[PDB]
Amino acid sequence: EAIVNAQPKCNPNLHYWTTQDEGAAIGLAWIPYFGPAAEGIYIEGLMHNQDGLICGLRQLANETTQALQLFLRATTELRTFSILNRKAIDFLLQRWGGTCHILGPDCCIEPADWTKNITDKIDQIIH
């Protein structure tokens, strides 16, 4: 479903922070005793509105809220860390949760490179 930003304004530029994954730090900076304090673990970046992605993202976050709040209301878990892992599981179950019927629309198996293997093997057998 397409995303229609319907907000009074959009800040088109995204000045963000996050954590560097993985890190590969310099020297002993990876050691908790020697490394940064809580305030110093962040990286930053700046993203512009190419392809409308920033204004689209602001609207996506807005529209996610209802389903995410309803999910939080129904969990008894105090802090939820598992949403992305569960989405990745559901991604796999959507494709591989049943028998894969080759050439079927819900089967992500590309037989083409092997079709040419059998056909070249048959042209040879016929010749």
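Just count from 1 along the sequence shown to find any residue number. Between two forms, the rigid core is defined as the largest C-alpha subset superposing within 1.5 Å.
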- Item | Stretch departing more from the displayed form, 23-31 or 63-71, Cα RMS in 5 other deposited structures of this protein (core fit) | 23-31
- Query: What stretch has the higher average Cα B-factor here, 95-103 or 34-42?
  - Reply: 95-103
- Task: Please work out which of 24-32 and 61-69 has the higher mean CA B-factor as recorded in the PDB entry.
- Result: 24-32
- Query: With respect to C-alpha B-factor, does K9 fall in the lowest, middle or highest third of the chain as deposited?
  - Reply: middle
